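> Chains as they are written, first to last, in the deposited numbering: chain V, 453 to 498; chain W, 252 to 402; chain D, 302 to 351; chain P, 553 to 903; chain H, 754 to 803; chain U, 754 to 803; chain Z, 52 to 201; chain S, 102 to 251. Here's a structure for you.
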Amino acid sequence: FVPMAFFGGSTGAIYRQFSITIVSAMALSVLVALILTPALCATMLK
Amino acid sequence: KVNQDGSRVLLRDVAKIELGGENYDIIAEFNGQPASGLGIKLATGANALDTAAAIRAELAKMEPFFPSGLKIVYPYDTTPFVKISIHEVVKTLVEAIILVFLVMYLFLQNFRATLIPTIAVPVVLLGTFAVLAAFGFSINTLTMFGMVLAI
Amino acid sequence: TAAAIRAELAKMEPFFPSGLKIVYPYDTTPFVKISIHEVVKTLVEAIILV
Amino acid sequence: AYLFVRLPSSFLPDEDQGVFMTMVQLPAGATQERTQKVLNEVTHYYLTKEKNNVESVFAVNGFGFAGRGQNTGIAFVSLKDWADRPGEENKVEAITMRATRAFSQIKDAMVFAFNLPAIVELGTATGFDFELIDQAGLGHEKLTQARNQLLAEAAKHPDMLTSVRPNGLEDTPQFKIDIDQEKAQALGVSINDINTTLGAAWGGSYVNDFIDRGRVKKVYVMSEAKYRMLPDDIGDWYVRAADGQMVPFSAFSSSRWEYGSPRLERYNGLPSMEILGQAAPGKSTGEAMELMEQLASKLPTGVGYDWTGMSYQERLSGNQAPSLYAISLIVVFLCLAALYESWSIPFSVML
Amino acid sequence: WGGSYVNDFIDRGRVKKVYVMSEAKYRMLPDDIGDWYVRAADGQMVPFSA
Amino acid sequence: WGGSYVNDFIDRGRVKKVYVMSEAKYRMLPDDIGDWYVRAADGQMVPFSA
Amino acid sequence: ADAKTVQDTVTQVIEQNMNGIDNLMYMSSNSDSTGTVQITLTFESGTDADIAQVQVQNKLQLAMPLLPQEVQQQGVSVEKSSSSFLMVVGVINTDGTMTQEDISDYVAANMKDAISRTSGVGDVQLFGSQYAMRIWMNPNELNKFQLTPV
Amino acid sequence: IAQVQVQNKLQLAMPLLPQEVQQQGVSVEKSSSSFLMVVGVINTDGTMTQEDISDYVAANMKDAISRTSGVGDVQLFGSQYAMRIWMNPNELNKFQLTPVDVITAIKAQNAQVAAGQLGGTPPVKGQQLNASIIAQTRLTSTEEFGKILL
Ligand SMILES: CO[C@H]1/C=C/O[C@@]2(C)Oc3c(C)c(O)c4c(O)c(c(/C=N/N5CCN(C)CC5)c(O)c4c3C2=O)NC(=O)/C(C)=C\C=C\[C@H](C)[C@H](O)[C@@H](C)[C@@H](O)[C@@H](C)[C@H](OC(C)=O)[C@@H]1C
């Protein structure tokens, strides 16, 4: 996802936008995966 | 001038005098009827939407005191699109999290064990908007489809 | 911003009247390009002698 | 491999934003009264035909988007809601189209009507912006014809989907008046006295401010319309000489018609001349550009050129794509290798 | 002695200054001053040292 | 009556203004207007009441 | 003024002073045969408009004392906006009680000045004109009584 | 920013400056001190001279160099072309003339004049002709400056 935020030029800041949102959020996914979903699973399930 | 006899010559004697336009280059009309208007361009770098809010808010203050039957009408204007526009995409962002609740039902089949994956989707998103905000970015079309793809 | 000079001068050469020549008398810039080449040289030697 | 190569690229899709524009370009120096005729003809087409979509038409005559004049006007068309307009016959992508062929027919002057490209404050309208430039003080004449040369060659080469035009200079008949300083300074007339008269009456004068209804405004001396429309009206103006005797213009003047420009353009400080044009469905955008430069070498001496707008943003953009995707390939590999502890297992997930 | 910017004119298409000075002669030494005569009400040129 | 600012002069190495207006004695009451005369076309002093 | 005269009297004089301006990409300009210059300096992307505008201005200013009194009089203007319209605002009268002449003027005198002062409004265009005291001379009369427009 | 504060304070002085210094100069800009380079320009074959070239560069290449990326100020070694009247007092005083008379004559015989148009701004309802009126014009040739009736 990141190598497109490195386009530069008039485009670049078009893509740079996508890249950022996706690579953030995706980290918040990995972060949440380890905190919310592990508990909250073992707090409600089966 | 005054001249020999008592007759004096006033300006009015050698020229019609009337209230009239600084320059007659621009005649407008709104559906073939008599009109006027301000054509407004956006300050370089300014926020289109925020600025429009104000152009309106000012106009708001001006109406109470117009003459007899003078009405503001809003011809051209890009603003409402951008609004409807991004909001349509925000719709296709809710309904997609509601349509992930269902597919977590045809494979799981529990009221409160379907949430655990669908209640950790709009957690991850809400926090992006926040990270967006930190990194100075906007909620723009590019930035929403960035989130629908994210889903 | 010294490429720019010559890249512009380039541009305005062809339309010069008969027998007009740009010369580059006093220009501090090829000193930069050497000064730096040298200090790269000592970087490889510095690796070499280690 | 193919499919990919058998696919056209692009930037961002056009969108029906529920508003569009419509130009009105009259043949340079045509009366505003005539420009209204067009405008009204335009107004009614929308208001009657497209009646099911067009909710409002704010038609403005006199207003040039980069060229003020009597020969120009613009119409701001706003449609009803997107809801009330099903199917692509009710999108701007066609509402326009139809209107374009609806005018650009029963006419004498050209009437471009179109939806403006989304997210493209000058970006990708896959045309080019050739600026034709004078670089040895040739003059306006030369440059005009020098461009006519390039313009006419570009005609011979339509073999690359093109529409190569200028930005509407096109000289226009204008009326010279040569005051005879000498005849005047001999008839006891001051040139200044002459000058103000012709000026002030024919191009009004801004004298000073007055107050109208608590606002400061401006005062203007000028002629009345009907004593300044045809050249045989300069007859009407006399001018008082020092002996008090009233002399008529035709005693220190003289005139003949001529051709001159109603718009002088310049680029980077030099008299220039902008040429637009494109590559539609056919050759590459940088192929077109190339040809242009080559016949731009044929052009007479002292004539040069440069690229502006979108054609400036072509020859720069940072560093391409299959290069920043090779650095992605490498970087994805090493990551899997890193995880899987091998050079071998990466090729399992990358494939 | 100083010259004076008067107007602009159009040289080959580019606006340039239009000055008015004096040949270098009668614009050098303290006696040159004498050479310049100033007209008067009546109609007589007067020696600058009047 | 109001005072007018004519131009500058240098006072001890410093530029400073030069104003010009009626001494206080001749600019107090409406009945003081009388005092002021203006040289007309032919060159005869005229009173304000005129 | 006529296009050539606009150019050779305003335009040329202005361009000639445009320089030592950071991040300047290129500079195009028009001279109408209405009598209207539009010199427009495009800046490299990322550049600070606030400053770009500052620098553009500091040069104009050196030229200013050289433009005809007539042009100063009208007010030369330096703005920073997009070429395109953000919006158009319409004003009509439903009684039919006012003219095109009046609605332009109402607008001008009563509504324009604040919108243009509104932060973010880089440019305003008045579709029509404010009033002015119009002295439409007649040249026969003017002669009858032995008077020039002077 | 430094540029700006400097320009902001400079304004408070401007009013108090001789309205001749004002009438001309006053510039505030980001100075350096050392020429980065000195691109000079010669002629190989007598078709050009000091004044000849020193004006080519002046009026053909300076403006664009002085406007290229990264470029600071630009000191031009020599001087651009000017219409040059070199007065003769003996020939003058002979025909009973002061340099005034000359300056006047120039100011009067070389100068560009505005002049409105046929089919003007607001036209009489009929009307079907619109074009510029081109009055007096600027003098371009060493020769025409020769013929200034004095
Ligand atoms: C790709 O760009 C397009 C849209 C930009 O979008 C938009 C919103 O922003 C614009 C910019 C930034 C311009 O700079 C511009 C412009 O410079 C121009 C006209 C048009 N004016 N006409 C109307 C009345 N009258 C003032 C003169 C002519 C424009 O409308 C625009 C324009 C707007 O439209 N040119 C003139 O005013 C002059 C002095 C001469 C032109 C003569 C010929 C007639 C034109 O060149 C024709 C052949 C076409 O070139 C255009 C119609 C283009 O459309 C197409 C299909 O090619 C148009 C530029």
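Even for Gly, the Cβ is constructed at its ideal location relative to N, Cα and C.
In angstroms with no decimal places, state the Cα-to-Cα distance between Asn161 of chain Z and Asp276 of chain W.
The straight-line gap from Cα to Cα measures roughly 20 Å.
> Flag this pair as touching only if the region 92-104 of chain Z and the region 65-78 of chain Z have three or more C-beta atom pairs under 8 Å; answer yes or no.
The region 92-104 of chain Z vs the region 65-78 of chain Z: in contact.
> Taking 7 Å as the limit between beta carbons, can you name the residues of its chain near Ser775 of chain P, skipping five residues before and five after?
Answer for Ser775 of chain P: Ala753 and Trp754, listed in chain order.
> Skipping 5 residues on each side, what residues in its chain have a beta carbon closer than 7 Å to that of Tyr779 of chain U?
Excluding positions up to five away in sequence, the list reads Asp785 and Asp788.
> So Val214 of chain S and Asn747 of chain P are supposed to be a Cβ contact under 8 Å. How far apart are they, rounded?
Correct: roughly 6 Å between the Cβ atoms.
> Strictly under 8 Å for the Cβ-Cβ distance: is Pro669 of chain P near chain H by that measure?
It does not: the Cβ of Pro669 of chain P has no partner Cβ on chain H nearer than 8 Å.
> Which chain Z residues sit within Cβ distance under 7 Å of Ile235 of chain S?
Within chain Z, the residues near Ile235 of chain S are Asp53.
> By a C-beta neighbour count over all protein chains shown, 10 Å radius and 16 as the cutoff for buried, is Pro565 of chain P buried or exposed?
Exposed, by the Cβ-count rule.
> Which runs of the alpha helix (DSSP H) spanning at least 4 residues fall entirely within the region 651-717 of chain P, listed in chain order?
With a minimum length of 4 residues, the continuous alpha helix (DSSP H) runs that stay inside the region 651-717 of chain P are 692-708.
> Whose Cβ in chain W lies nearer than 9 Å to the Cβ of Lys770 of chain P?
Within chain W, the residues near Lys770 of chain P are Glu273.
> Inspect the CB distances between the region 166-175 of chain Z and the region 295-306 of chain W and report whether three or more fall short of 8 Å.
Contact holds: three or more Cβ-Cβ distances are below 8 Å.
> Expressed to the nearest angstrom, what Euclidean distance is found between the alpha-carbon atoms of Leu713 of chain P and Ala651 of chain P?
Between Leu713 of chain P and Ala651 of chain P, the C-alpha separation is close to 23 Å.
> Can you give me the C-alpha to C-alpha distance between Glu826 of chain P and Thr93 of chain Z, rounded to a whole angstrom?
Their backbone Cα atoms lie some 16 Å apart in a straight line.
> For the candidate residues W:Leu357, W:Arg363 and W:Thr330, whose alpha-carbon lies nearest to that of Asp301 of chain W?
Closest option to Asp301 of chain W, Cα to Cα, is W:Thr330.
> I'd like to know whether the C-beta of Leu118 of chain Z is nearer than 8 Å to at least one C-beta of chain S.
So no, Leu118 of chain Z is outside the interface.
> Near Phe666 of chain P, what residues of its chain come up, given a Cβ to Cβ distance below 6 Å and the 5 sequence neighbours on each side ignored?
Closer than 6 Å at Cβ, skipping near neighbours: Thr648.
> Between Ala457 of chain V and chain W, is the shortest Cβ-Cβ distance under 8 Å, so that the two count as touching?
Chain W, which has no Cβ nearer than 8 Å to the Cβ of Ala457 of chain V, makes this no.
> Can you give the beta carbon distance from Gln176 of chain Z to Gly290 of chain W, rounded, assuming they're within the 8 Å contact cut?
Yes, they are in contact, since the Cβ atoms of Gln176 of chain Z and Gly290 of chain W sit about 4 Å apart, within 8 Å.
> Tell me the rounded alpha-carbon separation between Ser824 of chain P and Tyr772 of chain U.
In a straight line, the C-alpha of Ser824 of chain P is about 53 Å away from that of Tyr772 of chain U.
> Please state whether the Cβ-Cβ distance between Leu828 of chain P and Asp681 of chain P is less than 8 Å.
Yes, the pair counts as a contact, with Cβ atoms nearer than the cut-off.
> Between which two residues does the alpha helix (DSSP H) holding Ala165 of chain Z run?
Looking at the DSSP string, the run of the alpha helix (DSSP H) that includes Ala165 of chain Z is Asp164 to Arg168.
> Leaving out five residues on either side along the sequence, give the residues of the same chain with a beta carbon under 6 Å from the beta carbon of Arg468 of chain V.
Closer than 6 Å at Cβ, skipping near neighbours: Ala457.
> In terms of residues, what are the limits of the alpha helix (DSSP H) holding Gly821 of chain P?
Unbroken run through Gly821 of chain P: none, as it is neither H nor E.
> Could you tell me the alpha carbon to alpha carbon distance between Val612 of chain P and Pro874 of chain P, rounded to whole angstroms?
Between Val612 of chain P and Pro874 of chain P, the C-alpha separation is close to 49 Å.
> Measuring CA to CA, which of P:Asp711, P:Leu690, P:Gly751 and P:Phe804 is closest to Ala738 of chain P?
Of the listed residues, the one whose Cα sits closest to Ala738 of chain P is P:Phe804.
> Please give me, in chain order, every unbroken run of the alpha helix (DSSP H) with length at least 4 that falls completely inside the region 833-898 of chain P.
List check, alpha helix (DSSP H) in window: 837-850 and 878-892.
> What residues of chain B sit near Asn189 of chain Z, judged by a beta carbon separation below 7 Å?
Structure shown: chain B not included; protein chains present are V, W, D, P, H, U, Z and S.
> Could you list the residues in the region 180-213 of chain S with a C-beta less than 8 Å from some C-beta on chain P, going in chain order?
Listed by position along the chain: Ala209 and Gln210.
> Is it true that the CB of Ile402 of chain W sits closer than 8 Å to the CB of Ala364 of chain W?
Not in contact: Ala364 of chain W and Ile402 of chain W (Cβ atoms no closer than 8 Å).
> Runs of 3 residues minimum, wholly inside the region 108-152 of chain Z: which ones carry the beta strand (DSSP E) assignment?
Counting only runs of 3 or more, we get 132-144.
> So, with DSSP's three-state summary, where would you put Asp795 of chain U?
Here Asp795 of chain U sits in coil by DSSP.
> Do we get a CB-CB distance below 8 Å when we pair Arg767 of chain H with the residues of chain Z?
Output row for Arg767 of chain H: interface = yes.
> Would you kindly report the start and end of the unbroken beta strand (DSSP E) that includes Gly271 of chain W?
Per DSSP, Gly271 of chain W belongs to the beta strand (DSSP E) from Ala266 to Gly272.
> Go ahead and pull the three-state DSSP assignment for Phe459 of chain V.
It is coil, neither helix nor strand.
> Measure the alpha-carbon distance for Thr749 of chain P versus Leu198 of chain Z and round it to whole angstroms.
Cα to Cα, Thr749 of chain P sits roughly 10 Å from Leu198 of chain Z.
> Look at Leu480 of chain V and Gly378 of chain W and say whether their C-beta atoms are less than 8 Å apart.
Yes.
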